[PDB]
Amino acid sequence: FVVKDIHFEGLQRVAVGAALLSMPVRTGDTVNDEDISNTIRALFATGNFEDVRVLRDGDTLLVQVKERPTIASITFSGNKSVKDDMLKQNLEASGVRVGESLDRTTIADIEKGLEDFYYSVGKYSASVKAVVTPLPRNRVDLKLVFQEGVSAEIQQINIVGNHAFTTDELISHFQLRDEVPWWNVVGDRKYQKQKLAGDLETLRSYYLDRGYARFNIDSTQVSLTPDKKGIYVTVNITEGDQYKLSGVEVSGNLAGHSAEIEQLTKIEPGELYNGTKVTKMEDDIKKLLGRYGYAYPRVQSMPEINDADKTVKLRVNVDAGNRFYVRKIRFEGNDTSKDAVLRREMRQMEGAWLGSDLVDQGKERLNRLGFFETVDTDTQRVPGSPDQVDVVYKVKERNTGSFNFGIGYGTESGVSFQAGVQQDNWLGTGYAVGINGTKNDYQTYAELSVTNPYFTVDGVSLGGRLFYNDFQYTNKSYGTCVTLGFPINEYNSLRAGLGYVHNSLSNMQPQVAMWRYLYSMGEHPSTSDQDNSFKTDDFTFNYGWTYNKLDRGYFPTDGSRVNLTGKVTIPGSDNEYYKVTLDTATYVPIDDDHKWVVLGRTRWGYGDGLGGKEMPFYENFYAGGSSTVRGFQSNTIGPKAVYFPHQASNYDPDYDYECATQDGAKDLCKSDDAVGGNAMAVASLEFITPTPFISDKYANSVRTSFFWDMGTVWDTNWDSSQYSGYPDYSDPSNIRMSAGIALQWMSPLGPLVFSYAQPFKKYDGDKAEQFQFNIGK
Amino acid sequence: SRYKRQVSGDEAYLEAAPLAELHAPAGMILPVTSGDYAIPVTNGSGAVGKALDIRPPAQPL
Amino acid sequence: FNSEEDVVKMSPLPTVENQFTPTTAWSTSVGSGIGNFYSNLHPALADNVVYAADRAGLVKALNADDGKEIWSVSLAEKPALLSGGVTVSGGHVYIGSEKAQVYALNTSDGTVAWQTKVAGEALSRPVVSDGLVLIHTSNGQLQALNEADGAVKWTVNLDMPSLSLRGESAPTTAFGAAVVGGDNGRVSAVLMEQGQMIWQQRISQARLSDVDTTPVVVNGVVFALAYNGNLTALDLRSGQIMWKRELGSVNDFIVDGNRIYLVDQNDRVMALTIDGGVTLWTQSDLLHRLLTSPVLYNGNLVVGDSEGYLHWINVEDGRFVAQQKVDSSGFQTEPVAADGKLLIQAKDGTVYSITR
Amino acid sequence: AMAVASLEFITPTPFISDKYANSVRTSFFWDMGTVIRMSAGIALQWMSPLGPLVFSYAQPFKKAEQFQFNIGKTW
Amino acid sequence: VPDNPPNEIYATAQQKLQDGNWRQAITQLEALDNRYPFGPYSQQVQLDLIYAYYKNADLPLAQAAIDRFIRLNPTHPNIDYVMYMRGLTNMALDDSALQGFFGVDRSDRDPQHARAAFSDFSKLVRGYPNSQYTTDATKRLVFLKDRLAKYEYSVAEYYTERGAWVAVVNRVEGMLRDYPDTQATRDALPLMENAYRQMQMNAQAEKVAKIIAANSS
Amino acid sequence: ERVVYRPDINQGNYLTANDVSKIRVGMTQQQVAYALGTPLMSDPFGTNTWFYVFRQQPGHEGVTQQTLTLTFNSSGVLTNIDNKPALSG
């Protein structure tokens, strides 16, 4: 038989010609019902529909397909334990391509696939139901809906065959947990498959670090309870024996450096074997080769374990390879940022030997910009060269700027208005511009600031700032400064600058510590009534220094920090004075492991007039509160004012009663309100010891200490002789001390600080605040 | 969208400086060209700049 | 800071008048119990003495008529995780542990006879036959031990899934040959004297389908079943599948009067006819409420709840018939089919003797 | 130094059609801060091409910041 | 976005596109594309949808739609138009953000979108030299090569300040072999002369001096 | 005075005494590249000469440079050496 024509109707998804070319036998071929059935199989292989009718009644064949809704829209009823994008991408990867094809068999498949996914995440109780409805033009809409219990609690993790260490010490280092105590209840019994495997690697590493070189995790299994809501984890250990390390022998094509490689691998023959020791030792070897430019060394460490005695010798094989040169650096994704803004701060040098530590130090320094969400990196060899590498950094531009506006209200407070605009990386120039501005019923403030962190290509930052700061004692002030800050060493920053500030003090209450200054300035104000002003212009040279080699950065264990700042006015200022600050923190460990530490912090300040003028009272030093000595109200430690009686005072006697209200006092009021001194000397000695409740999962994060504080502030030219009746503020010996406890906690909501302090040594008027709280000190 | 200055079509890519190949002095030759190569001159009647109708062809199918 | 969810919505405690007044005759507290830790620690009987233990390690022997204990030993260092059914034969009580120990105790005074490490935790109850103790461990190893010494005579290894139900599958013996279950759906048998392998059979497709349940053997027919698997009957001589049912099972089953009594994964109870997977009756009542092993006592099938109740079901009729007291924190391990008696241990460490 | 910590529970206002109420939130919150004081507050939020906008009413139990309007956008 | 019983969605959407209501156009074209994916309004629709995405400045989606078209119909009779739009979409990603409003010459920012664009337009005019687009595409190519060369000079300028004299010479040599005829290469020759001189490589310094002295205006 | 902390400037090929003593008249060009590594600088203007430069500015203000210029005839055979061990400033 021969077929002369083929009939089709519909063809909604696929044209007749595409079917005929897909079919094995075609118009004009010799065919029989077996061949026609093979064409129907070809229709099924392309996958239109399974329901068909076929008729032969002549030299032409008729075939019809029963087209049925297949072109599916997908929706899910929400998802209380998986993310929407993960759900949809799992669905699409599982196979339900939106608008491709969908069938009752595929609906069963996707149900089971999502079920098995849900079981893979660990909500083994979960159920998935999928329903479809049909739509004109062969379309369907598919909804699937989920039910689940709480994901199963792991019961007792148990280790078996162990004898060197107790089971509770082994599982306590797991990230899976048997128990969550009454405290730190943030822990959870969530099984994770990938974390269980990591916990086996932690168990293996612990035994190798304890020196059981023969150790083997011979087997493990996990089990689920019948009600499908609880999990057991069991691990089998073969411990072998504890081993002693014999001296390392190093061999292979070391391209020199062999004397340093020797020094790096010398180990005394009495030490235990240790897994992290060999891996740390191997890592130094390849990093040492890297530093000299052998960017891709080959190194292997092989343990020669003995059985006749408990000794093992490490064999380390090294070859240096080629001395790769960085023939290109590229930055990709560096939209909206000047390239020099990256190249200037990335550290590895193009056209030079590849220090792989220098490439990674670049990656760190780019992150310290904060301009980028992530700094990915690659190094790739140029095709057709054995010897040369292109370094590439790939960055995601973080949205660096911020813009803010706001308003406030309340009859007891008045109108409030606030604004702000910040943009680190201004137009990508790497300048940091920042404007602020605030108004209330009384205060006005505005600030404009610019820093150019590379005024000179070596990293000399230059800054510039303007401020207006207007308050109502009434004080309108405004000014400027410009600064240069340039590092002199890795540990040792230095900076300098010039400033200008104007001050317009007015209606300040008459008091000795302030009037002494005004008389020294050659102003002779009234003492009897609160009507005065003292305008001045001032020009200053500002300097500072910062030594900082603190090891850990977060909670340093060892090292020291020393900040210094100072001011002199320059001739032409109305004020003529100088001031100096020294501000230090030394850490020294008092155990060989850095478990126990003691601090000594100190602050020293000083200032004086020059040329017979006097230091302006608004620059006076203050002490007390969390920053300085604990257990005293913030700043209240200095000498307290004594007001002159000025019964022509502020308007209303119904307010909180002033010194010399309209009906008030008539002598010098020894105040309860603190004023700073021109001199300052604070110390604290602080012992760090771990809590009774540590475990190493968090003992690094709850820095607890016992401290002794010692503070004073004094007013070096308060002429005690003339004021016989009032306590001597010129006496530096009024040292006031406190002790207490402190607890520094890094938990997610912030670097909290808790403290309680007892002022075992204080004087009249020192407002005590024993319990204190702070963040981020 | 940030590109709003660009997709509305600037003229500013015109009057870019014309290309001019360097000529070597005697006793040397310039490096051999290795990429991003000189485009064939292909001068013709095609429109340029804002005269070019960026829309899809006069019949879309 | 917290949230919770649920799926199965278990049955709302169907209940009926306690017609036969079944009630505790006596009860004793041995100590703590298994608590939340699913583990087949259950008491056992010999010569009118009932023996019971606390998963912490403490073990007692009690008189069955009145419940006063005669022993106390710790089995522990100065917890043992003592775990697995107490088994008793003649001079010796045998107990497993989740710490790879098997303990033997003297039935005359409760002194520790001997202790030997087995390959992994012995979640199976020990079983004594032919003068040997057989233990099945979670590492998939049958081990046969000398009853006077615990010395291993032979050992046999089985395939372990990457995820299982608890691998108890305690062995059984007939004609001097052992039969055992296992994970990954394997039935197997071995020669008791030497551990030679006999035929093995794959119960079903596998997705968990562990044959976690002890296979009973009667007249040469082995019955075996699995979680989401199939119940099957097997020729002890050849392992030919006599018949199957698509009914799975989850904890235990019993053959008595050549009739099959089951607990489905849906905590429903049914009896199946002599051969072929067809039900005489189904009690669909207790759905998704964890049921203990059903015990046939004095013509009534007794099953314990996850909570305090004991439910009484007719031996051949499709009737649910009685509901005893709400015993303390309910049950999670199999009662013992003692002759003319009942003994069941609650989750908390309270043991109960029941009469009607 | 300034420190603030806050916790809140949501109950959105349906004043506008669900379509526009999808871009709206209403929330009730408690906070503690040292500047030590504790406070409770009511908040309304909306989003626009201008960025996100908040209007808020609050009472500090130590009694003030009792009425605020706020905007804050990254660029 | 809307219910479209009739294909009339294409005629009114074309009117919205002619009106430049790009919002309306993309949403109605997307609806038409989703509802009539295999009719005559498919090839006829993808082109307008590409054009609407470009004018909407929705360039990541424009890339995907153009990439889809070239993959699904590599021989369409106006595929040269699709190549021109490929280059123009990639070139539109180069002039990103508010720069130029402040007068920022952003020619130093990441050139990869520019370098891609140059590949696309060069592929066009090499393939279809009779097309009307070749005049603009060649104007687009001369700007794109000068913009790349200004980038390479910018890095040569930076390493001149950092004094990484090998990094200077090795890149300005790269310009002479990859970008010889641009003005930025002619501006770079002093940096090569300087770099050779600081390295005491006077012979090369004199050679580059002979080059520049022969080619200065 | 200048005192700012520059990182170490380093540029070009690494040189050592035991690597330069490998080069002698009449070697083929691939042998030089094998002994010293690939030339990070060459004459692009159409004469086959390689400029192995080793340069450092260590620490505060020290400067050092070695230059090794190699001249090859066509087909890549070495004809002459010009080694300067220190910067002739």
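What is reported rests on the model, the rules as stated and the sources as named; these are not laboratory values. Cβ atoms come from the backbone with ideal geometry, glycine included; neighbour counts cover every protein chain shown.
Taking residues in region A:78-89 that are assigned by TED's automatic domain parsing to the domain that holds A:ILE110, and partners anywhere that are of a type in the set (D, E, K, R) and surrounded by 11 or more Cβ atoms within 10 Å (Cβ to Cβ), the pairs with Cβ atoms closer than 8 Å and at least 6 places apart or on different chains are A:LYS80/A:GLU148; A:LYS80/C:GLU5; A:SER81/A:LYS123; A:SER81/A:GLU148.
Check region A:367-376 and report whether any residue there is within 14 Å of chain E (Cβ to nearest Cβ), under 30 Å from D:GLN45 (Cα atoms) and either under 27 Å from the mean Cα position of the chain (by Cα) or not aromatic (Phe, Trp, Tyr) (or both). The answer is yes; a qualifying residue exists.
For region D:49-58, state whether one or more residues are crowded, with 16+ Cβ neighbours inside 10 Å and more than 25 Å from A:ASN399 (Cα to Cα). So that I can check it myself, show each step before the final result.
Start the filter on region D:49-58 by keeping residues that are crowded, with 16+ Cβ neighbours inside 10 Å, which leaves D:53-54, D:56, D:58.
Restricting the remaining residues to those that are more than 25 Å from A:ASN399 (Cα to Cα) gives D:56, D:58.
Yes, there is a match, as at least one residue in region D:49-58 is crowded, with 16+ Cβ neighbours inside 10 Å and more than 25 Å from A:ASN399 (Cα to Cα).
Within region C:81-89, does at least one residue satisfy the condition of being surrounded by fewer than 18 Cβ atoms within 10 Å (Cβ to Cβ), touching a strand residue (DSSP E or B) at 6+ places or on another chain (Cβ under 8 Å) and within 23 Å of C:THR333 (Cβ to Cβ)? Lay out the reasoning, then the answer.
Taking region C:81-89 and keeping what is surrounded by fewer than 18 Cβ atoms within 10 Å (Cβ to Cβ), we get C:89.
Retained after the next criterion (residues that are touching a strand residue (DSSP E or B) at 6+ places or on another chain (Cβ under 8 Å)): C:89.
Imposing the further condition that a residue be within 23 Å of C:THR333 (Cβ to Cβ) reduces the set to C:89.
Within region C:81-89, one or more residues are surrounded by fewer than 18 Cβ atoms within 10 Å (Cβ to Cβ), touching a strand residue (DSSP E or B) at 6+ places or on another chain (Cβ under 8 Å) and within 23 Å of C:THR333 (Cβ to Cβ).
Hey, does region F:14-33 have a residue that's closer than 19 Å to E:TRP165 by Cβ and not in a helix (DSSP H, G or I)? Yes; the residues of region F:14-33 include at least one that is closer than 19 Å to E:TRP165 by Cβ and not in a helix (DSSP H, G or I). The condition (being over 16 Å from the mean Cα position of the chain (by Cα), within 14 Å of another protein chain (Cβ to nearest Cβ) and surrounded by fewer than 22 Cβ atoms within 10 Å (Cβ to Cβ)) is satisfied by just one residue among C:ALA76, C:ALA64, C:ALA46, C:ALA25: C:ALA76. Number of residues in region E:34-50 that are part of a helix (DSSP H, G or I) and surrounded by fewer than 13 Cβ atoms within 10 Å (Cβ to Cβ): the value is 0.
In this structure, F:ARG55 does not qualify as assigned to a loop (DSSP other than H, G, I, E, B) and more than 14 Å from chain B (Cβ to nearest Cβ).
Identify the residue in region A:377-389 that is facing another protein chain (nearest Cβ under 9 Å) and surrounded by 15 or more Cβ atoms within 10 Å (Cβ to Cβ) and, among all such residues, is farthest from E:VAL166 (Cα to Cα). Steps first, please.
From region A:377-389, those facing another protein chain (nearest Cβ under 9 Å) are A:385-388; that's our starting set.
This time we only want the ones that are surrounded by 15 or more Cβ atoms within 10 Å (Cβ to Cβ), so: A:387-388.
Working: A:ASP387: 17, A:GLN388: 14 Å.
Looking at residues that are facing another protein chain (nearest Cβ under 9 Å) and surrounded by 15 or more Cβ atoms within 10 Å (Cβ to Cβ), I get A:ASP387.
The rows are residues; the columns are (1) over 17 Å from A:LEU369 (Cα atoms); (2) more than 14 Å from chain D (Cβ to nearest Cβ); (3) surrounded by 15 or more Cβ atoms within 10 Å (Cβ to Cβ).
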| residue | (1), (2), (3) |
| --- | --- |
| A:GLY408 | yes, no, yes |
| A:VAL415 | yes, no, no |
| A:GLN418 | yes, no, yes |
| A:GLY428 | no, no, yes |
| A:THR444 | yes, yes, yes |
| A:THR456 | yes, yes, no |
| A:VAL460 | no, yes, yes |
| A:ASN475 | yes, yes, yes |
| A:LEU484 | yes, yes, yes |
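Report whether or not E:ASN194 is within 14 Å of chain A (Cβ to nearest Cβ), of a type outside the set (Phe, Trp, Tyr) and within 30 Å of F:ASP82 (Cβ to Cβ). Let's see the steps before the verdict.
Working: within 14 Å of chain A (Cβ to nearest Cβ): no; of a type outside the set (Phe, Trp, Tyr): yes; within 30 Å of F:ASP82 (Cβ to Cβ): yes.
Spelling it out, it is not the case that E:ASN194 is within 14 Å of chain A (Cβ to nearest Cβ), of a type outside the set (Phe, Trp, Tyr) and within 30 Å of F:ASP82 (Cβ to Cβ).
Counting only strands (runs of 3 or more DSSP E) that sit completely within region C:1-67, those holding 1 or more residues that are touching a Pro at 6+ places or on another chain (Cβ under 7 Å) correspond to C:49-53.
Can you tell me which residue is nearest to F:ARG55 (Cα to Cα) among those in region A:390-406 that are buried (at least 20 other Cβ atoms within 10 Å of the Cβ) and touching a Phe, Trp or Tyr at 6+ places or on another chain (Cβ under 9 Å)?
Taking region A:390-406 first, the residues buried (at least 20 other Cβ atoms within 10 Å of the Cβ) are A:391, A:393, A:395, A:400.
Keeping just the survivors that are touching a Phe, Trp or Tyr at 6+ places or on another chain (Cβ under 9 Å) gives A:393, A:395, A:400.
Working: A:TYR393: 25, A:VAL395: 31, A:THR400: 38 Å.
The extreme case among them is A:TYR393.
Of the residues making up region A:338-349, those that are surrounded by 20 or more Cβ atoms within 10 Å (Cβ to Cβ) and either more than 7 Å from every other protein chain (Cβ to nearest Cβ) or in a helix (DSSP H, G or I) (or both) are A:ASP339, A:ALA340, A:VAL341, A:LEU342, A:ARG343, A:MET346, A:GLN348.
Could you identify the single residue in A:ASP5, A:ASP33, A:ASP29 that is more than 25 Å from E:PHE38 (Cα to Cα) and touching a strand residue (DSSP E or B) at 6+ places or on another chain (Cβ under 6 Å)? Step through it out loud before you land on a result.
Numbers: A:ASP33 fails: touching a strand residue (DSSP E or B) at 6+ places or on another chain (Cβ under 6 Å); A:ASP29 fails: touching a strand residue (DSSP E or B) at 6+ places or on another chain (Cβ under 6 Å).
Checking each option against the conditions leaves just A:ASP5.
Select from region A:747-777 the residues that are assigned to a loop (DSSP other than H, G, I, E, B), over 18 Å from A:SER705 (Cα atoms) and either at the interface with chain D (Cβ under 10 Å from one of its Cβ atoms) or not basic (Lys, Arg) (or both) and list them in ascending order.
As a first pass, look at region A:747-777 and keep what is assigned to a loop (DSSP other than H, G, I, E, B): A:747-751, A:762-767, A:770, A:776-777.
Checking the rest, the ones that are also over 18 Å from A:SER705 (Cα atoms) come to A:748-750, A:762-767.
The answer is A:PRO748, A:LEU749, A:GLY750, A:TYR763, A:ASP764, A:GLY765, A:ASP766.
Taking the criterion of being more than 11 Å from chain B (Cβ to nearest Cβ) and of a type in the set (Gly, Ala, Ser), the residues of region E:63-106 that qualify are E:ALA64, E:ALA65, E:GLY87, E:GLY103. Does region A:238-252 include one or more residues that are in contact with a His (Cβ under 9 Å, 6 or more places away or on another chain) and either surrounded by 17 or more Cβ atoms within 10 Å (Cβ to Cβ) or not small (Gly, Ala, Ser) (or both)? Yes, some residue in region A:238-252 is in contact with a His (Cβ under 9 Å, 6 or more places away or on another chain) and either surrounded by 17 or more Cβ atoms within 10 Å (Cβ to Cβ) or not small (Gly, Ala, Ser) (or both).
Of all residues in region B:2-61, those satisfying the criterion of being more than 7 Å from chain E (Cβ to nearest Cβ), closer than 25 Å to E:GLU152 by Cα and of a type in the set (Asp, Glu) are B:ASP10, B:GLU11, B:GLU15.
Within region F:54-75, can you find the residues that are closer than 20 Å to F:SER42 by Cα and touching a strand residue (DSSP E or B) at 6+ places or on another chain (Cβ under 6 Å)?
The answer is F:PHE54, F:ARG55, F:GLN56, F:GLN65, F:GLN66, F:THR67, F:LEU68, F:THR69, F:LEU70, F:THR71, F:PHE72, F:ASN73.
Taken over region E:119-155, the residue count meeting the criterion of being facing another protein chain (nearest Cβ under 7 Å), closer than 11 Å to E:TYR84 by Cα and among the aromatic types (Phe, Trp, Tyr) is 1. The single residue among A:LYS228, A:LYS266, A:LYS280 that is of a type outside the set (A, V, I, L, M, F, W, C), farther than 24 Å from A:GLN300 by Cβ and within 40 Å of the chain's Cα centre (by Cα) turns out to be A:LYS228.
For region C:201-239, which positions are of a type in the set (A, V, I, L, M, F, W, C) and assigned to a loop (DSSP other than H, G, I, E, B)?
Step one: filter region C:201-239 for residues of a type in the set (A, V, I, L, M, F, W, C), giving C:203, C:206, C:208, C:211, C:216-218, C:221-226, C:231, C:233-234, C:236.
The answer is C:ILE203, C:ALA206, C:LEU208, C:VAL216, C:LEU225, C:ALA226, C:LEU236.
Summed over region C:304-355, residues that are surrounded by fewer than 17 Cβ atoms within 10 Å (Cβ to Cβ), over 18 Å from C:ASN36 (Cα atoms) and not β-branched (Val, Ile, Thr) total 8. Of all residues in region C:121-138, exactly one satisfies the criterion of being buried (at least 23 other Cβ atoms within 10 Å of the Cβ) and farther than 17 Å from C:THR214 by Cβ, namely C:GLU121.
What number of residues within region A:18-42 are of a type outside the set (S, T, N, Q) and assigned to a helix (DSSP H, G or I)? Within region A:18-42, residues that are of a type outside the set (S, T, N, Q) and assigned to a helix (DSSP H, G or I) number 11.
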